[PDB]
Amino acid sequence: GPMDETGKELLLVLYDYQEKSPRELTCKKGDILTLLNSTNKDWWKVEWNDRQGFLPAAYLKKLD
């Protein structure tokens, strides 16, 4: 609903990614994430349901 979506900048995962550290997410192509921080050009902090962590920016497409 709207409370879940409000303020949220969404991302599409373009390629599967397997975490390589405890602060990284594992995701699949097609997953929809929320952007938390894009200040690092190589690594973006993201949110997926109850998880917050990093994925490489090359694996992500901004939707907003």
Side-chain angles (χ1 to χ4, degrees):
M3 267 326 300
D4 180 53
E5 295 203 339
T6 297
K8 290 191 180 170
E9 297 177 30
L10 301 184
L11 299 173
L12 171 65
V13 178
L14 293 175
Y15 325 108
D16 295 349
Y17 185 76
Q18 298 90 53
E19 61 198 66
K20 294 291 146 83
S21 95
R23 289 153 297 271
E24 294 175 23
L25 294 187
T26 294
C27 299
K28 292 290 184 183
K29 180 183 188 180
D31 287 349
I32 306 294
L33 314 178
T34 298
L35 179 62
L36 296 180
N37 195 281
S38 61
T39 64
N40 182 307
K41 48 178 190 315
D42 294 338
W43 293 92
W44 290 355
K45 200 178 184 179
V46 303
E47 176 174 80
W48 189 42
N49 298 348
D50 287 357
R51 295 218 281 162
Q52 298 186 345
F54 289 95
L55 292 170
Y59 291 65
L60 300 169
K61 172 77 184 74
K62 292 173 173 164
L63 303 168
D64 285 74

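Because only heavy atoms are used, hydrogens play no part in the values below, and waters and symmetry mates are left out as well, while side chains stay in. Start at 1 with the first residue, then count along the sequence.
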Show the atom names and distances, to 0.1 Å, of all donor-acceptor pairs under 3.5 Å that link a side chain in residues 55-64 to residues at least two apart or in another chain.
{"from": "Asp64", "atom 1": "OD1", "to": "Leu10", "atom 2": "N", "distance (Å)": "2.9"}

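Taking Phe54 as the reference, nothing meets the ring-ring contact (aromatic ring centres under 6.0 Å, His included) condition, with sequence neighbours excluded. Remark: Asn40 engages no residue in a side chain to side chain donor-acceptor pair (under 3.5 Å) (not counting sequence neighbours).
The CD atom of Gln52 lies 14.5 Å from the CZ atom of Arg23; values are rounded to the nearest 0.5 Å. Interatomic distance, CG of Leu25 versus NZ of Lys45, reported as 10.0 Å (0.5 Å rounding).
Note on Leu35: it clusters hydrophobically with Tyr17, by side-chain heavy-atom contacts below 4.5 Å among ILVMFWY residues.
Within a 6.0 Å sphere centred on NZ of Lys8, other residues, nucleotides and ligands contribute more than 12 heavy atoms.
Listed here is the closest heavy atom pair of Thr26 and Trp48: O-CZ3, 3.2 Å. Heavy atoms only, all atoms of each residue included: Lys20 and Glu24 are closest at N-OE1, 2.7 Å.
Each of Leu12, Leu11, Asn49 was checked for a side chain to side chain contact (heavy atoms under 4.5 Å, CB included) with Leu33, and the lone residue meeting it is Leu11.
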